[PDB]
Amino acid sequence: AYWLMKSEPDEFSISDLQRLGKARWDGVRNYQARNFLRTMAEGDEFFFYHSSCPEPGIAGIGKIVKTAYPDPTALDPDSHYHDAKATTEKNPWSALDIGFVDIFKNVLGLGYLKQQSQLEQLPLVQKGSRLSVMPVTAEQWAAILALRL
């Protein structure tokens, strides 16, 4: 299956993932996003979307290496994603491990993606959408890959 996940590049970029090889994706604090994250399977691929930056858009591709597990950042008071309501026995959040797949020479801007009729059903381009983790259909995935060329 295919997906798309958001990350601020100054915090964690596709370049960082390329360097690390594999890393932990955490800090997802939206139930709808969390639920999608929990359904991701090993081998699934996702578009790495750069958010809150000068050049927002799809910056590369990653893959799922380890499925969802309790997010350790929720229990860390020093983490920006700390959740005082979470406990070791009751953690409402999930993280997972991802791996590097590819990095784009040129980011596919949000505005550019919104111009694609084939992506009209993608939450990313829907007004009022604030979902950070979302599914991507095979058709949408192929359409975005074609945009690279």
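Numbers follow the displayed sequence, beginning with 1.
Remark: stretch with higher mean C-alpha B factor among 33 to 41 and 84 to 92 is 84 to 92. Set 93 to 101 against 46 to 54 and average the Cα temperature factors; 46 to 54 ends up higher.
Which of 131, 23, 14, 136 has the largest Cα B-factor in the deposited entry comes down to 131.
Residue 142 sits in the middle third of its chain by CA B factor, as recorded in the PDB entry.
Among the modelled residues of the chain, residue 119 sits in the highest third by CA temperature factor in this PDB entry.
In the deposited entry, the Cα temperature factor of residue 59 sits in the middle third of values across the chain's modelled residues. Residue 111: CA B factor in the highest third of modelled residues in this chain (values from the PDB entry). Residue 149: CA B factor in the highest third of modelled residues in this chain (values from the PDB entry).
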